[PDB]
$ cat coords-v2.cif   # mmCIF, C-alpha atoms and all ligand atoms; chains and numbers go by the auth columns
data_model
#
loop_
_atom_site.group_PDB
_atom_site.id
_atom_site.type_symbol
_atom_site.label_atom_id
_atom_site.label_comp_id
_atom_site.label_asym_id
_atom_site.label_seq_id
_atom_site.Cartn_x
_atom_site.Cartn_y
_atom_site.Cartn_z
_atom_site.B_iso_or_equiv
_atom_site.auth_seq_id
_atom_site.auth_asym_id
ATOM 1 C CA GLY A 1 -37.711 -43.521 -26.399 0.00 1 A
ATOM 2 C CA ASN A 2 -36.140 -43.896 -29.809 0.00 2 A
ATOM 3 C CA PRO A 3 -38.606 -44.469 -32.660 0.00 3 A
ATOM 4 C CA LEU A 4 -39.153 -47.924 -34.076 0.00 4 A
ATOM 5 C CA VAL A 5 -40.280 -47.871 -37.714 0.00 5 A
ATOM 6 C CA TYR A 6 -41.020 -50.569 -40.272 0.00 6 A
ATOM 7 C CA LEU A 7 -40.654 -51.224 -43.988 0.00 7 A
ATOM 8 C CA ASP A 8 -42.730 -53.975 -45.600 0.00 8 A
ATOM 9 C CA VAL A 9 -40.927 -55.074 -48.763 0.00 9 A
ATOM 10 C CA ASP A 10 -42.038 -56.942 -51.879 0.00 10 A
ATOM 11 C CA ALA A 11 -39.846 -58.484 -54.546 0.00 11 A
ATOM 12 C CA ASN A 12 -41.576 -58.836 -57.918 0.00 12 A
ATOM 13 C CA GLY A 13 -44.901 -58.250 -56.248 0.00 13 A
ATOM 14 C CA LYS A 14 -44.612 -60.873 -53.540 0.00 14 A
ATOM 15 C CA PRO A 15 -43.967 -60.006 -49.888 0.00 15 A
ATOM 16 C CA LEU A 16 -40.583 -60.713 -48.347 0.00 16 A
ATOM 17 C CA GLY A 17 -41.588 -59.546 -44.886 0.00 17 A
ATOM 18 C CA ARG A 18 -40.860 -56.646 -42.608 0.00 18 A
ATOM 19 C CA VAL A 19 -37.699 -54.756 -41.690 0.00 19 A
ATOM 20 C CA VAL A 20 -37.917 -53.055 -38.286 0.00 20 A
ATOM 21 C CA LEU A 21 -35.478 -50.215 -37.664 0.00 21 A
ATOM 22 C CA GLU A 22 -34.537 -48.353 -34.510 0.00 22 A
ATOM 23 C CA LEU A 23 -33.879 -44.670 -35.217 0.00 23 A
ATOM 24 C CA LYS A 24 -31.188 -43.232 -32.926 0.00 24 A
ATOM 25 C CA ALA A 25 -32.962 -39.969 -32.188 0.00 25 A
ATOM 26 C CA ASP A 26 -30.886 -39.774 -29.005 0.00 26 A
ATOM 27 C CA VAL A 27 -27.732 -39.289 -31.137 0.00 27 A
ATOM 28 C CA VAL A 28 -29.062 -37.776 -34.382 0.00 28 A
ATOM 29 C CA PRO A 29 -32.524 -36.342 -33.669 0.00 29 A
ATOM 30 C CA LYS A 30 -32.886 -34.344 -36.877 0.00 30 A
ATOM 31 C CA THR A 31 -31.852 -37.273 -39.071 0.00 31 A
ATOM 32 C CA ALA A 32 -34.036 -39.719 -37.152 0.00 32 A
ATOM 33 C CA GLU A 33 -37.052 -37.393 -37.329 0.00 33 A
ATOM 34 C CA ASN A 34 -36.696 -37.072 -41.093 0.00 34 A
ATOM 35 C CA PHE A 35 -36.714 -40.827 -41.600 0.00 35 A
ATOM 36 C CA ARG A 36 -39.543 -41.348 -39.106 0.00 36 A
ATOM 37 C CA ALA A 37 -41.846 -38.870 -40.831 0.00 37 A
ATOM 38 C CA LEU A 38 -40.968 -40.246 -44.275 0.00 38 A
ATOM 39 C CA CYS A 39 -42.043 -43.658 -43.004 0.00 39 A
ATOM 40 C CA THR A 40 -45.388 -42.440 -41.691 0.00 40 A
ATOM 41 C CA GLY A 41 -45.947 -40.195 -44.700 0.00 41 A
ATOM 42 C CA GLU A 42 -47.412 -37.557 -42.377 0.00 42 A
ATOM 43 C CA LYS A 43 -46.004 -34.609 -44.374 0.00 43 A
ATOM 44 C CA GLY A 44 -47.777 -35.794 -47.527 0.00 44 A
ATOM 45 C CA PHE A 45 -44.867 -37.713 -49.066 0.00 45 A
ATOM 46 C CA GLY A 46 -42.491 -40.465 -48.088 0.00 46 A
ATOM 47 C CA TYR A 47 -41.250 -43.950 -48.708 0.00 47 A
ATOM 48 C CA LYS A 48 -44.526 -45.802 -49.303 0.00 48 A
ATOM 49 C CA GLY A 49 -44.488 -47.271 -52.807 0.00 49 A
ATOM 50 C CA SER A 50 -40.836 -46.490 -53.506 0.00 50 A
ATOM 51 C CA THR A 51 -38.046 -48.942 -54.237 0.00 51 A
ATOM 52 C CA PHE A 52 -34.682 -50.329 -53.333 0.00 52 A
ATOM 53 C CA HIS A 53 -33.092 -49.170 -56.579 0.00 53 A
ATOM 54 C CA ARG A 54 -29.391 -49.842 -55.874 0.00 54 A
ATOM 55 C CA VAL A 55 -28.361 -53.074 -54.164 0.00 55 A
ATOM 56 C CA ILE A 56 -24.779 -54.363 -54.085 0.00 56 A
ATOM 57 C CA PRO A 57 -24.136 -57.825 -52.590 0.00 57 A
ATOM 58 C CA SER A 58 -21.620 -57.826 -49.731 0.00 58 A
ATOM 59 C CA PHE A 59 -22.054 -54.056 -49.372 0.00 59 A
ATOM 60 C CA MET A 60 -25.493 -52.516 -48.854 0.00 60 A
ATOM 61 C CA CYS A 61 -29.080 -52.066 -49.991 0.00 61 A
ATOM 62 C CA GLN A 62 -30.064 -48.510 -50.937 0.00 62 A
ATOM 63 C CA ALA A 63 -33.536 -47.000 -51.178 0.00 63 A
ATOM 64 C CA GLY A 64 -35.486 -43.832 -50.514 0.00 64 A
ATOM 65 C CA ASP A 65 -35.646 -42.052 -53.895 0.00 65 A
ATOM 66 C CA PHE A 66 -39.409 -41.619 -53.831 0.00 66 A
ATOM 67 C CA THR A 67 -39.418 -38.844 -56.438 0.00 67 A
ATOM 68 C CA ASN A 68 -37.362 -40.275 -59.337 0.00 68 A
ATOM 69 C CA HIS A 69 -36.983 -43.933 -58.271 0.00 69 A
ATOM 70 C CA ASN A 70 -33.452 -44.122 -59.643 0.00 70 A
ATOM 71 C CA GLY A 71 -30.994 -42.476 -57.220 0.00 71 A
ATOM 72 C CA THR A 72 -31.175 -38.902 -58.507 0.00 72 A
ATOM 73 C CA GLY A 73 -34.093 -37.775 -56.361 0.00 73 A
ATOM 74 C CA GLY A 74 -35.689 -37.740 -52.942 0.00 74 A
ATOM 75 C CA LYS A 75 -36.222 -34.899 -50.500 0.00 75 A
ATOM 76 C CA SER A 76 -36.229 -34.438 -46.749 0.00 76 A
ATOM 77 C CA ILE A 77 -39.039 -33.162 -44.570 0.00 77 A
ATOM 78 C CA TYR A 78 -37.018 -29.962 -44.092 0.00 78 A
ATOM 79 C CA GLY A 79 -36.289 -29.134 -47.718 0.00 79 A
ATOM 80 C CA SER A 80 -34.395 -30.739 -50.551 0.00 80 A
ATOM 81 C CA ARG A 81 -31.242 -31.388 -48.476 0.00 81 A
ATOM 82 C CA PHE A 82 -30.100 -31.041 -44.871 0.00 82 A
ATOM 83 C CA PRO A 83 -26.709 -30.984 -43.118 0.00 83 A
ATOM 84 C CA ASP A 84 -24.690 -33.890 -41.828 0.00 84 A
ATOM 85 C CA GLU A 85 -25.831 -33.889 -38.207 0.00 85 A
ATOM 86 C CA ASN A 86 -22.794 -35.736 -36.829 0.00 86 A
ATOM 87 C CA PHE A 87 -20.711 -38.803 -37.630 0.00 87 A
ATOM 88 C CA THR A 88 -20.735 -40.281 -34.141 0.00 88 A
ATOM 89 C CA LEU A 89 -22.369 -43.632 -34.894 0.00 89 A
ATOM 90 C CA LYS A 90 -20.137 -45.848 -37.029 0.00 90 A
ATOM 91 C CA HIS A 91 -20.685 -48.351 -39.842 0.00 91 A
ATOM 92 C CA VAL A 92 -19.897 -51.220 -37.500 0.00 92 A
ATOM 93 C CA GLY A 93 -21.433 -54.158 -39.347 0.00 93 A
ATOM 94 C CA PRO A 94 -24.467 -55.660 -41.047 0.00 94 A
ATOM 95 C CA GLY A 95 -27.745 -53.967 -40.144 0.00 95 A
ATOM 96 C CA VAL A 96 -26.449 -50.391 -39.877 0.00 96 A
ATOM 97 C CA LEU A 97 -28.866 -47.786 -41.252 0.00 97 A
ATOM 98 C CA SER A 98 -27.129 -44.779 -42.789 0.00 98 A
ATOM 99 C CA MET A 99 -27.922 -41.795 -45.022 0.00 99 A
ATOM 100 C CA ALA A 100 -26.915 -41.916 -48.662 0.00 100 A
ATOM 101 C CA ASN A 101 -25.466 -38.691 -49.966 0.00 101 A
ATOM 102 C CA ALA A 102 -23.673 -37.049 -52.861 0.00 102 A
ATOM 103 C CA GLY A 103 -21.104 -35.242 -50.758 0.00 103 A
ATOM 104 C CA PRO A 104 -21.088 -33.315 -47.493 0.00 104 A
ATOM 105 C CA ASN A 105 -24.420 -31.923 -46.323 0.00 105 A
ATOM 106 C CA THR A 106 -26.585 -33.431 -49.054 0.00 106 A
ATOM 107 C CA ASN A 107 -28.848 -35.686 -47.012 0.00 107 A
ATOM 108 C CA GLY A 108 -32.316 -35.994 -48.492 0.00 108 A
ATOM 109 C CA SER A 109 -34.361 -39.158 -48.220 0.00 109 A
ATOM 110 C CA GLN A 110 -32.111 -41.857 -49.657 0.00 110 A
ATOM 111 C CA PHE A 111 -30.693 -44.331 -47.168 0.00 111 A
ATOM 112 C CA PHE A 112 -28.910 -47.648 -47.095 0.00 112 A
ATOM 113 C CA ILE A 113 -28.795 -50.734 -44.919 0.00 113 A
ATOM 114 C CA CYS A 114 -25.355 -52.262 -44.703 0.00 114 A
ATOM 115 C CA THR A 115 -24.819 -55.984 -45.114 0.00 115 A
ATOM 116 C CA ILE A 116 -21.148 -55.799 -43.996 0.00 116 A
ATOM 117 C CA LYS A 117 -18.996 -53.485 -41.891 0.00 117 A
ATOM 118 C CA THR A 118 -18.339 -50.475 -44.154 0.00 118 A
ATOM 119 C CA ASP A 119 -15.708 -48.611 -42.161 0.00 119 A
ATOM 120 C CA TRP A 120 -14.613 -46.351 -45.029 0.00 120 A
ATOM 121 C CA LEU A 121 -17.990 -44.579 -44.853 0.00 121 A
ATOM 122 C CA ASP A 122 -17.320 -43.463 -41.267 0.00 122 A
ATOM 123 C CA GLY A 123 -17.133 -39.686 -41.201 0.00 123 A
ATOM 124 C CA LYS A 124 -18.779 -39.450 -44.634 0.00 124 A
ATOM 125 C CA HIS A 125 -22.284 -40.863 -44.103 0.00 125 A
ATOM 126 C CA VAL A 126 -24.506 -40.184 -41.121 0.00 126 A
ATOM 127 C CA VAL A 127 -25.462 -43.416 -39.368 0.00 127 A
ATOM 128 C CA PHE A 128 -28.831 -43.027 -37.698 0.00 128 A
ATOM 129 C CA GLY A 129 -30.089 -46.468 -36.705 0.00 129 A
ATOM 130 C CA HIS A 130 -30.015 -50.199 -37.207 0.00 130 A
ATOM 131 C CA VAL A 131 -32.106 -53.271 -37.973 0.00 131 A
ATOM 132 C CA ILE A 132 -34.011 -54.591 -34.948 0.00 132 A
ATOM 133 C CA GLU A 133 -35.752 -57.402 -36.844 0.00 133 A
ATOM 134 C CA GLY A 134 -35.847 -58.553 -40.446 0.00 134 A
ATOM 135 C CA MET A 135 -32.222 -59.089 -41.388 0.00 135 A
ATOM 136 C CA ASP A 136 -33.551 -62.099 -43.303 0.00 136 A
ATOM 137 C CA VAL A 137 -35.502 -59.653 -45.469 0.00 137 A
ATOM 138 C CA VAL A 138 -32.376 -57.542 -45.912 0.00 138 A
ATOM 139 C CA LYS A 139 -30.433 -60.632 -47.033 0.00 139 A
ATOM 140 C CA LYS A 140 -33.161 -61.453 -49.568 0.00 140 A
ATOM 141 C CA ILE A 141 -32.994 -57.889 -50.922 0.00 141 A
ATOM 142 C CA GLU A 142 -29.199 -58.112 -51.073 0.00 142 A
ATOM 143 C CA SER A 143 -29.432 -61.360 -53.042 0.00 143 A
ATOM 144 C CA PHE A 144 -31.350 -59.472 -55.761 0.00 144 A
ATOM 145 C CA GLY A 145 -28.535 -56.954 -56.297 0.00 145 A
ATOM 146 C CA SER A 146 -25.471 -56.963 -58.518 0.00 146 A
ATOM 147 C CA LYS A 147 -21.983 -55.506 -58.656 0.00 147 A
ATOM 148 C CA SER A 148 -23.343 -52.541 -60.628 0.00 148 A
ATOM 149 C CA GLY A 149 -26.146 -51.990 -58.131 0.00 149 A
ATOM 150 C CA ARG A 150 -28.877 -52.805 -60.639 0.00 150 A
ATOM 151 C CA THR A 151 -31.509 -55.063 -59.110 0.00 151 A
ATOM 152 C CA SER A 152 -32.678 -58.294 -60.685 0.00 152 A
ATOM 153 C CA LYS A 153 -36.139 -58.102 -59.082 0.00 153 A
ATOM 154 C CA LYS A 154 -38.355 -55.075 -58.501 0.00 154 A
ATOM 155 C CA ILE A 155 -37.968 -54.361 -54.785 0.00 155 A
ATOM 156 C CA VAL A 156 -40.784 -52.181 -53.437 0.00 156 A
ATOM 157 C CA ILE A 157 -41.511 -50.759 -49.990 0.00 157 A
ATOM 158 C CA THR A 158 -45.253 -51.447 -50.154 0.00 158 A
ATOM 159 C CA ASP A 159 -46.005 -50.138 -46.647 0.00 159 A
ATOM 160 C CA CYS A 160 -44.082 -48.350 -43.925 0.00 160 A
ATOM 161 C CA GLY A 161 -44.773 -46.530 -40.704 0.00 161 A
ATOM 162 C CA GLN A 162 -44.007 -46.080 -37.045 0.00 162 A
ATOM 163 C CA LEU A 163 -44.414 -48.792 -34.421 0.00 163 A
ATOM 164 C CA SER A 164 -43.454 -46.662 -31.395 0.00 164 A
HETATM 165 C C1 LIG B . -28.329 -39.708 -52.231 0.00 201 A
HETATM 166 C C2 LIG B . -27.132 -39.782 -53.179 0.00 201 A
HETATM 167 O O1 LIG B . -27.292 -40.991 -53.973 0.00 201 A
HETATM 168 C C3 LIG B . -26.279 -41.343 -54.764 0.00 201 A
HETATM 169 O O2 LIG B . -25.234 -40.706 -54.787 0.00 201 A
HETATM 170 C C4 LIG B . -26.534 -42.507 -55.617 0.00 201 A
HETATM 171 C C5 LIG B . -27.866 -42.977 -55.740 0.00 201 A
HETATM 172 N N1 LIG B . -28.142 -44.023 -56.490 0.00 201 A
HETATM 173 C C6 LIG B . -27.155 -44.651 -57.163 0.00 201 A
HETATM 174 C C7 LIG B . -27.137 -45.771 -57.999 0.00 201 A
HETATM 175 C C8 LIG B . -25.798 -45.967 -58.394 0.00 201 A
HETATM 176 O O3 LIG B . -25.354 -46.847 -59.123 0.00 201 A
HETATM 177 N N2 LIG B . -25.030 -45.017 -57.840 0.00 201 A
HETATM 178 N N3 LIG B . -25.854 -44.210 -57.069 0.00 201 A
HETATM 179 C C9 LIG B . -25.521 -43.163 -56.304 0.00 201 A
HETATM 180 C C10 LIG B . -24.072 -42.751 -56.245 0.00 201 A
#
$ encode --input "coords-v2.cif" --output "structure tokens"
Amino acid sequence: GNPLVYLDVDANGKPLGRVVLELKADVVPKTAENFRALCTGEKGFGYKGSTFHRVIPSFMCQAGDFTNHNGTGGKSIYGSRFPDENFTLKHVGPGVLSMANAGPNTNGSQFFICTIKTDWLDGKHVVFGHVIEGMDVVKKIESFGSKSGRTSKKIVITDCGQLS
């Protein structure tokens, strides 16, 4: 079946809890596999210890830059970037998991979790899963963002991996 993965998240060094994500490998296998392996760290790099560096209330929480920790970096398990697999899944509401990018076919490791429907990203960002459990953690993260995206607490993925 589709992978279930987890992110355990701290804010200012204290645990907020766990976000569980379903990865829609049935729709976007290459994109799901990238995220799954970055969660386990099995290629020798991944999300463990990295941050939510850009968080905008009433929009989304972005993370996954495990190389530069600021939005300029990250890399996929395939190489630095990989193509947009498809745009079939849509940004339908809070809890959608989608790939950040800097234009067509620039997926790396950065991702975002929506806290609202973000329909204008349909056809531009590859949606590849959604929150199964832990929206409360997502709302805490969101509450530490700002209009500019700068966070007001240090939000760290302390642990991550695959549940199934
Ligand atoms: C994977 C591509 O990531 C981005 O394009 C990106 C990453 N981080 C930030 C912080 C910010 O304020 N803007 N920002 C952007 C546009």
$ closest_residue --input "coords-v2.cif" --among "A:160, A:28, A:100, A:113" --to "ligand LIG 201 (chain A)" --atoms "only C-alpha atoms and all ligand atoms"
A:100
$ resolve_selection --input "coords-v2.cif" --expression "the PyMOL selection byres (((chain A and resi 59) around 7) and not hetatm)" --output "ChimeraX atom specification"
/A:56-58,60,114-116
$ resolve_selection --input "coords-v2.cif" --expression "the PyMOL selection byres (((not hetatm)) within 8 of (chain A and resi 201))" --output "MDAnalysis selection string"
chainID A and resid 53:54 62 65 70:74 99:103 106:111 148:150
$ residues_around --input "coords-v2.cif" --residues "residue 132 of chain A" --least-positions-apart "5" --cutoff "8 Å" --atoms "all atoms listed in the file" --output "PyMOL selection string"
chain A and resi 19-22
$ closest_residue --input "coords-v2.cif" --among "A:156, A:38, A:126, A:27" --to "residue 105 of chain A" --atoms "all atoms listed in the file"
A:126
$ build_atoms --input "coords-v2.cif" --residues "segment 107-132 of chain A" --atoms "N, CA and C atoms" --output "PDB file, keeping the file's coordinate frame"
ATOM      1  N   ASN A 107     -27.862 -34.696 -47.417  1.00  0.00           N
ATOM      2  CA  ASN A 107     -28.848 -35.686 -47.012  1.00  0.00           C
ATOM      3  C   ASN A 107     -30.219 -35.285 -47.518  1.00  0.00           C
ATOM      4  N   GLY A 108     -30.956 -36.252 -48.052  1.00  0.00           N
ATOM      5  CA  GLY A 108     -32.316 -35.994 -48.492  1.00  0.00           C
ATOM      6  C   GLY A 108     -33.257 -37.010 -47.901  1.00  0.00           C
ATOM      7  N   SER A 109     -33.583 -38.024 -48.698  1.00  0.00           N
ATOM      8  CA  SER A 109     -34.361 -39.158 -48.220  1.00  0.00           C
ATOM      9  C   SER A 109     -33.694 -40.496 -48.472  1.00  0.00           C
ATOM     10  N   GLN A 110     -32.708 -40.575 -49.349  1.00  0.00           N
ATOM     11  CA  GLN A 110     -32.111 -41.857 -49.657  1.00  0.00           C
ATOM     12  C   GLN A 110     -31.271 -42.362 -48.497  1.00  0.00           C
ATOM     13  N   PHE A 111     -31.341 -43.672 -48.282  1.00  0.00           N
ATOM     14  CA  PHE A 111     -30.693 -44.331 -47.168  1.00  0.00           C
ATOM     15  C   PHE A 111     -30.213 -45.695 -47.623  1.00  0.00           C
ATOM     16  N   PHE A 112     -29.371 -46.304 -46.805  1.00  0.00           N
ATOM     17  CA  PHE A 112     -28.910 -47.648 -47.095  1.00  0.00           C
ATOM     18  C   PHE A 112     -28.831 -48.462 -45.818  1.00  0.00           C
ATOM     19  N   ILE A 113     -28.979 -49.770 -45.991  1.00  0.00           N
ATOM     20  CA  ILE A 113     -28.795 -50.734 -44.919  1.00  0.00           C
ATOM     21  C   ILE A 113     -27.581 -51.552 -45.297  1.00  0.00           C
ATOM     22  N   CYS A 114     -26.576 -51.540 -44.428  1.00  0.00           N
ATOM     23  CA  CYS A 114     -25.355 -52.262 -44.703  1.00  0.00           C
ATOM     24  C   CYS A 114     -25.557 -53.758 -44.494  1.00  0.00           C
ATOM     25  N   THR A 115     -24.863 -54.544 -45.303  1.00  0.00           N
ATOM     26  CA  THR A 115     -24.819 -55.984 -45.114  1.00  0.00           C
ATOM     27  C   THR A 115     -23.438 -56.472 -44.701  1.00  0.00           C
ATOM     28  N   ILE A 116     -22.494 -55.548 -44.498  1.00  0.00           N
ATOM     29  CA  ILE A 116     -21.148 -55.799 -43.996  1.00  0.00           C
ATOM     30  C   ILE A 116     -20.744 -54.557 -43.198  1.00  0.00           C
ATOM     31  N   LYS A 117     -19.661 -54.667 -42.433  1.00  0.00           N
ATOM     32  CA  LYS A 117     -18.996 -53.485 -41.891  1.00  0.00           C
ATOM     33  C   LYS A 117     -18.452 -52.649 -43.043  1.00  0.00           C
ATOM     34  N   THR A 118     -18.787 -51.366 -43.077  1.00  0.00           N
ATOM     35  CA  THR A 118     -18.339 -50.475 -44.154  1.00  0.00           C
ATOM     36  C   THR A 118     -17.577 -49.307 -43.535  1.00  0.00           C
ATOM     37  N   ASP A 119     -16.392 -49.594 -42.996  1.00  0.00           N
ATOM     38  CA  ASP A 119     -15.708 -48.611 -42.161  1.00  0.00           C
ATOM     39  C   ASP A 119     -15.293 -47.369 -42.935  1.00  0.00           C
ATOM     40  N   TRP A 120     -15.077 -47.487 -44.243  1.00  0.00           N
ATOM     41  CA  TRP A 120     -14.613 -46.351 -45.029  1.00  0.00           C
ATOM     42  C   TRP A 120     -15.675 -45.273 -45.180  1.00  0.00           C
ATOM     43  N   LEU A 121     -16.924 -45.574 -44.845  1.00  0.00           N
ATOM     44  CA  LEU A 121     -17.990 -44.579 -44.853  1.00  0.00           C
ATOM     45  C   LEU A 121     -18.071 -43.791 -43.551  1.00  0.00           C
ATOM     46  N   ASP A 122     -17.319 -44.191 -42.527  1.00  0.00           N
ATOM     47  CA  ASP A 122     -17.320 -43.463 -41.267  1.00  0.00           C
ATOM     48  C   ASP A 122     -16.790 -42.059 -41.521  1.00  0.00           C
ATOM     49  N   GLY A 123     -17.491 -41.064 -40.989  1.00  0.00           N
ATOM     50  CA  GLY A 123     -17.133 -39.686 -41.201  1.00  0.00           C
ATOM     51  C   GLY A 123     -17.626 -39.098 -42.502  1.00  0.00           C
ATOM     52  N   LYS A 124     -18.251 -39.899 -43.354  1.00  0.00           N
ATOM     53  CA  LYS A 124     -18.779 -39.450 -44.634  1.00  0.00           C
ATOM     54  C   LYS A 124     -20.281 -39.620 -44.748  1.00  0.00           C
ATOM     55  N   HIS A 125     -20.853 -40.644 -44.120  1.00  0.00           N
ATOM     56  CA  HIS A 125     -22.284 -40.863 -44.103  1.00  0.00           C
ATOM     57  C   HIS A 125     -22.760 -40.890 -42.668  1.00  0.00           C
ATOM     58  N   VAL A 126     -23.907 -40.261 -42.447  1.00  0.00           N
ATOM     59  CA  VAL A 126     -24.506 -40.184 -41.121  1.00  0.00           C
ATOM     60  C   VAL A 126     -25.277 -41.467 -40.829  1.00  0.00           C
ATOM     61  N   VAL A 127     -24.770 -42.241 -39.875  1.00  0.00           N
ATOM     62  CA  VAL A 127     -25.462 -43.416 -39.368  1.00  0.00           C
ATOM     63  C   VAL A 127     -26.532 -42.933 -38.404  1.00  0.00           C
ATOM     64  N   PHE A 128     -27.730 -43.500 -38.522  1.00  0.00           N
ATOM     65  CA  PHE A 128     -28.831 -43.027 -37.698  1.00  0.00           C
ATOM     66  C   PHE A 128     -29.713 -44.145 -37.158  1.00  0.00           C
ATOM     67  N   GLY A 129     -29.325 -45.407 -37.321  1.00  0.00           N
ATOM     68  CA  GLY A 129     -30.089 -46.468 -36.705  1.00  0.00           C
ATOM     69  C   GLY A 129     -29.572 -47.828 -37.123  1.00  0.00           C
ATOM     70  N   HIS A 130     -30.392 -48.837 -36.872  1.00  0.00           N
ATOM     71  CA  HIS A 130     -30.015 -50.199 -37.207  1.00  0.00           C
ATOM     72  C   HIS A 130     -31.243 -51.095 -37.227  1.00  0.00           C
ATOM     73  N   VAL A 131     -31.058 -52.263 -37.835  1.00  0.00           N
ATOM     74  CA  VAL A 131     -32.106 -53.271 -37.973  1.00  0.00           C
ATOM     75  C   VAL A 131     -32.333 -53.955 -36.632  1.00  0.00           C
ATOM     76  N   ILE A 132     -33.570 -53.897 -36.152  1.00  0.00           N
ATOM     77  CA  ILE A 132     -34.011 -54.591 -34.948  1.00  0.00           C
ATOM     78  C   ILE A 132     -34.455 -56.008 -35.275  1.00  0.00           C
TER      79      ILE A 132
END
